[PDB]
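Contents: one structure, followed by commentary.
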Amino acid sequence: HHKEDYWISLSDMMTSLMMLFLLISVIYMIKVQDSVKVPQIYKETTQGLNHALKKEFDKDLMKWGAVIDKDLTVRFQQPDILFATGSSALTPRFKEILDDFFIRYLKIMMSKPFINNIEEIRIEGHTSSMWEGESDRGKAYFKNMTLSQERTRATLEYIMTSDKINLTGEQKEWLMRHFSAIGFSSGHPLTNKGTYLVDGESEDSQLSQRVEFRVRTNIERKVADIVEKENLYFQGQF
Amino acid sequence: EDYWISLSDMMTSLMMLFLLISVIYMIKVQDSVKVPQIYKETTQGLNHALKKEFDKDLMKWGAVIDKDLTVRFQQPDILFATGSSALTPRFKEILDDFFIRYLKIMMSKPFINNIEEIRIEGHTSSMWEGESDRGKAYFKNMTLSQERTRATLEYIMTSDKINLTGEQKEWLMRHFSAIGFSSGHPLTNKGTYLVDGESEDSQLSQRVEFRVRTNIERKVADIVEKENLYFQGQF
Amino acid sequence: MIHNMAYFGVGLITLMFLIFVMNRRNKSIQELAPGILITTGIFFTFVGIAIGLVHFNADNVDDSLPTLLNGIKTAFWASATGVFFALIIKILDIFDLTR
Amino acid sequence: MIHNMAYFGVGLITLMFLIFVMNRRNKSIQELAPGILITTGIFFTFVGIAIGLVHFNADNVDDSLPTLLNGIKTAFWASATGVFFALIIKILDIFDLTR
Amino acid sequence: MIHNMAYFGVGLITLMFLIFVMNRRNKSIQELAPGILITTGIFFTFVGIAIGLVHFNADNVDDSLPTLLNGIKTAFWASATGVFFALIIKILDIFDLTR
Amino acid sequence: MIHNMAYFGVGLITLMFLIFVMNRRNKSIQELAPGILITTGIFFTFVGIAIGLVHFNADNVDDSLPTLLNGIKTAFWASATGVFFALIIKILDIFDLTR
Amino acid sequence: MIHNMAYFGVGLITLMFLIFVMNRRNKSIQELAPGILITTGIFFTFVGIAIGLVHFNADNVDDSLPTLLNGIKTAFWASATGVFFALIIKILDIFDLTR
C-alpha cells in the first residue's frame, strides 16, 4: 500500500543468495581439492629437496665441481677425472666424492617428508657428440651409450658396495627400488650457457659431458589417484 | 521505513561480491583442475590406441599391454641369445613390424606434445648362473640387461627394414631411453609388481618393456612457475 | 520436481499479472500488485532452491553439485518474472501519472 | 539449537502467522504483519550464516560442509516460510478489497 | 541478443531516467523514480544471473565462463546504472529545496 | 580485528536497543528505532567483510578464500543482532496495537 | 585508478556529510541526507567493480584480474563509509527528539 514491503523480501532474497553463492564456492572446493592439492604438493617437495640440497651441499660444490640446477639434479662437471680414460673404471678422485656426497645425499632422499615423495633417483651419464675415434653420427651415438651406460653403472656399483659407504639392509633395498643407472648419449647436450639446447645452439662438448643425480617426484601418481578414484567411482554407479 | 530500498542494494552488492569471488576461485583453479583431465585423456587415449593397433599381435609376439602404456614382452630365449646381448632374428622381425606402427601412435598430434620419455626397460630374474651372492646377482644381471636394452635401440635406428626417416631419429634421441634394469622390480604369478608378502618368478620377471611417460610432471610444474610469476608480478 | 515448480511459478506470476491488468481500475488492487508479484516470485525462488538443497548429498559432492545447480538455475527465472511483471505495473502507473 | 534451528525458524513464523490471523479484524496489526514475517525470515538468514560459519575451519573445509549446509537450510526454510505467510496475508487483503 | 545484454540493461535504465527527467515537475513520478530505477537494476541482476547460469556446468567451467561473466557484467552494470541514476534524482531533490 | 569488532558491533546494538526501550513512549524515536538498529547491524557486517577483503588476493585462491571465510564468520552476528532487536521493537508496537 | 575512484568515493561521502552537518537546521535536507549518503556509497561500490569488469573477459584473465581485485578490495569501503555517516545523521536526529 503506502509502504512497499517487497523491498524487505528483496533484501531477504539477496541475503539468502549471498550465502548460496558462498555455499557454492565452498562446495566447489570440496569437488576439486585433490586436483588443487597436486600443484602445491609438487611445489613443496621440489623446493624442499632444492632447499635441503642447498642446505647440505653449498660448501662442497666448489671441491666436487657439482652444481644444483633447480631440477633436483646434482650435475658433476669436469669428467675424465671421475672416470678412466675411455673406460668405465672409477678414478680414485670420484671415489672420495662418492664416499662423502652419497651418505649425506641418501639421508635427504630417505627422510620422512621425502621417502614417500620420490619414484626414481636417476643417475645419468651424458657424453659429448665428438667420439674419440670415428666421426660417424649413428654408430658413434651408440658407442657413447655403451660407454656411458657402463660409466653410470660403475658409479652405481661402487655407490653401495663400497666399504666406506656402509649401506644397511633397509637402505640398499631402497636403492634397488628407486635408483636407475641410465646411460644417455649425445641426445642430451649442454650449450655454452649451461642449459639444454632449445633454438639449436652450439654444444660445448665439455659441459654436455657430465654425470647427474636427478630426483623424480611421485607427482604422476598423485594425478593417477585422482583419475583412478573417479574411474572407480564412475564404475560404482553401473 | 524506506531504508529497505537502500538495504536491498547493499545485500545485492554483497550477493554478487561472493558470486565473483566464487567465479574468481573457479577461474584460478582451472589449470590445476585440467591436469587430471589431461592425464586421463592422454593415458586412456594412448592405451586405446595401443590396444586398437596391437591387440591382434599380443598372442603371436607374446607381448602384453596392462593399461600402463607399456608393451611388456614375455617368453625369453627367443628375444636375445642365452646369456648374451646379441639380438636373435625372431625379435628382429618383431621390432620391424611392431615399432613402425608403435612410433606412428607416438608421433601423433594428440600425443607428440604429451609425451616426455619412452623407456625401453630390460628386466632380468634375480638369479645369475654360477653365483650365490645377492649383491653379485644384481650387477652382472644389469650389465647383460643394459646391453640387451641398448641392442634393441641400436637395431631400431641402424636397420634396413624400419622406415626411420632422417627427422624421426632425433625424436628417438630426445625421448627414447635405454634403461637397463636388473633383478629389481619383479613380477608375481599374476603379473603384478611384488608386495611385501609375495614371491617372484623367473620366466615372467625376465622381460623387455616399452613404457611411455607422459609429460604431466612438466604440466604440473608449469603451474608452479606461472603461480610464482603471478606472485612475483604483484611486487 | 524443481523444474516443474519453476515453470508453475513463472506461469502463476503471469496468470496473476493478467488478472492484475484485466481489472486495472480498482486503484487499490493495482497498488498492492507490485508487492504481490515480486513476493510470489521470491517465494518460488526460495522453494526451488530449498527443494534443491534437501536433495543435495554432502557425502557425494561430485554428483550433487550439478544436480543442485540444475535446480538453482531455473529458480532465478521466477524472481525475474515477478520483478519484470511488477515493473510493468509500475511503468503503467507512471504512464497514468503523465496524463 | 544448531540442527533444530531450521524447524524453530519455520515454527516461529507459523506461530506469529497464527497470531496475525486471530487479530485479522484489527486492520492495524495487519499491513504490518507482512513486513514482520519477512523480517523474521531475514533474521533467520543472518542466523544461518552465523551458525553456518561459526565452525568453519580454513585448514579443514571438507568437514565444514554439514555445518554450513545447516545454515543454508535454516536461511532458506525460514525465509520461504516468512515470504509464504506474508503472501497469504497479502492475498487475504485482496479478498477484503474485492468483497 | 545474449551478448548485448549488459548494454540493454544500461540502455533501458538510462532511457527511463531520461523519461523521469523530462517530467521533473509532477513530483509523484519523481517520488517513484528512485524505486523504479533501483528495481530495474535488481531486475537485470536477477535475469543476468539467470542467463549466466543457464549454460553453467560444474565440470566444464571454461566453456561456461563467457556466459557467466557476461551475466555478472549485466548484473553489476545495471546495478551501478540504477543506483547512479536514482542518486541523481535524489540529488536533484535537494536542489529544489535549496532554491 | 574482525573478531574483536564483532563483539563491539553486537555490544553497541544492545546498547542502542536499551536506549530505544528506555523511552518506549516518544512514538517518534520508536518509529525510527528498527531502521537504525538494522542499519547499524548491516554497517558492522560490511566493515567486517571490508576488513577481511583487504587481505584477499588472487595470488593463491586455494588458501586466501578459506582465509576470507574464516575471517568473516563473525561479521554476521551484528546483522542478526540488529534484526533481532528491531523485531522486538516492531513486535512491541503490535502488542500496543491490541489495546 | 580504481584505488583513486574508491578514495574519491570515500572522500566525497565525507564531503557531503560535512555539508549535511554544517546546516543541521533545515530538517528537510537532513531527512534526505541518510538516504543519499547510503546511495552514494552503494553507487561507488557498484561502479568500482563495474569499471574493473569492463576489460575482464575470458581471454584477459591474466591481465584484468589484478585490476578486478583492486576494485573488490576497496569497493565496500565506500558502502561502509556512507552508512557510517548516514547512521551519525540518524543518531543525531534521535538526540534532537530526546530534547
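Chains as they are written, first to last, in PDB author numbering: chain A, 10 to 247; chain B, 13 to 247; chain C, 1 to 99; chain F, 1 to 99; chain D, 1 to 99; chain G, 1 to 99; chain E, 1 to 99. Note that the Cβ used here is the ideal one computed from N, Cα and C, for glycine as well.
At least one CB of chain B closer than 9 Å to the CB of residue i: is that the case?
i, result
"residue 61 of chain G", "yes"
"residue 165 of chain A", "yes"
"residue 2 of chain G", "no"
"residue 143 of chain A", "no"
Check whether chain C comes within 9 Å of residue i, counting only Cβ atoms and requiring the distance to be less than that.
i, result
"residue 83 of chain F", "yes"
"residue 67 of chain D", "no"
"residue 54 of chain D", "yes"
"residue 139 of chain D", "Residue 139 of chain D lies beyond the residue range present for chain D, which begins at 1 and ends at 99; the question has no answer from this structure."
"residue 19 of chain D", "yes"
Are the C-beta of residue i and some C-beta of chain G separated by less than 9 Å?
i, result
"residue 33 of chain B", "yes"
"residue 45 of chain A", "yes"
"residue 98 of chain E", "yes"
"residue 49 of chain A", "yes"
"residue 85 of chain B", "no"
Under a CB-based cut-off of 9 Å, is residue i close to chain A?
i, result
"residue 34 of chain F", "yes"
"residue 58 of chain D", "yes"
"residue 46 of chain F", "yes"
"residue 86 of chain F", "yes"
"residue 9 of chain F", "no"
Tell me, to the nearest whole angstrom, how far the beta carbon of residue i is from that of residue j; I am working on the premise that it is less than 8 Å.
i, j, result
"residue 223 of chain A", "residue 133 of chain A", "6 Å"
"residue 119 of chain A", "residue 196 of chain B", "About 16 Å separates the two Cβ atoms, so there is no contact after all."
"residue 92 of chain E", "residue 72 of chain D", "Contact doesn't hold; Cβ gap of about 38 Å is too wide."
"residue 71 of chain B", "residue 190 of chain A", "Contact doesn't hold; Cβ gap of about 34 Å is too wide."
"residue 34 of chain B", "residue 135 of chain B", "No, residue 34 of chain B and residue 135 of chain B are not in contact; Cβ-Cβ is about 50 Å, not under 8 Å."
"residue 77 of chain B", "residue 231 of chain B", "Going by Cβ atoms, the distance from residue 77 of chain B to residue 231 of chain B rounds to 24 Å, so no, they are not a contact pair."
"residue 82 of chain A", "residue 92 of chain A", "Contact flag wrong, Cβ pair sits at about 18 Å."
"residue 54 of chain B", "residue 128 of chain B", "In fact, because the Cβ distance is near 11 Å, the residues do not count as touching under 8 Å."
In the DSSP assignment, what are the bridge partners of residue i?
i, result
"residue 176 of chain A", "Answer is none; residue 176 of chain A lacks a bridge partner."
"residue 134 of chain A", "A/192, A/220"
"residue 92 of chain A", "A/99"
"residue 199 of chain B", "B/205"
"residue 129 of chain A", "A/225"
"residue 212 of chain A", "A/200"
Using a Cβ-Cβ cut-off of 9 Å, state whether residue i counts as contacting chain D.
i, result
"residue 42 of chain E", "yes"
"residue 74 of chain E", "no"
"residue 39 of chain B", "yes"
"residue 27 of chain C", "no"
"residue 42 of chain B", "yes"
"residue 89 of chain E", "no"
Output yes if chain F places a C-beta closer than 9 Å to the C-beta of residue i; else output no.
i, result
"residue 18 of chain A", "yes"
"residue 21 of chain A", "yes"
"residue 36 of chain A", "yes"
"residue 94 of chain G", "yes"
"residue 49 of chain C", "yes"
Kindly say whether residue i, judged by its beta-carbon, lies nearer than 9 Å to any beta-carbon of chain E.
i, result
"residue 23 of chain G", "yes"
"residue 14 of chain B", "yes"
Exercise. Write down every uninterrupted run of the alpha helix (DSSP H) in the region 3–71 of chain G whose length is 4 residues or greater and which is fully enclosed by it, in chain order.
Key: 29–53, 61–71
Quiz item: Per the contact definition of three or more C-beta pairs closer than 8 Å, is the region 39–55 of chain E in contact with the region 63–82 of chain D?
Solution: yes
Quiz item: With a cut-off of 8 Å, do at least 3 Cβ pairs link the region 65–78 of chain E to the region 52–69 of chain G?
Solution: yes
Quiz item: Okay, do the region 25–34 of chain F and the region 34–47 of chain G touch, 3+ Cβ pairs below 8 Å being the bar?
Solution: no
Exercise. Would you list, in sequence order, the uninterrupted alpha helix (DSSP H) runs of no fewer than 4 residues that lie entirely inside the region 33–112 of chain A?
Key: 43–66, 70–73
Practice problem: Give a yes or no on contact between the region 22–35 of chain B and the region 203–223 of chain B, applying the rule of three or more CB pairs nearer than 8 Å. | Solution: no
Quiz item: With a cut-off of 8 Å, do at least 3 Cβ pairs link the region 30–42 of chain B to the region 27–44 of chain A?
Solution: yes
Practice problem: Please determine if the region 7–17 of chain G and the region 84–98 of chain G are in contact, where contact requires at least 3 C-beta pairs separated by less than 8 Å. | Solution: yes
Practice problem: Flag this pair as touching only if the region 165–179 of chain A and the region 137–155 of chain A have three or more C-beta atom pairs under 8 Å; answer yes or no. | Solution: no
Quiz item: Hey, is the region 56–74 of chain A in contact with the region 115–130 of chain A, meaning 3+ C-beta pairs nearer than 8 Å?
Solution: yes
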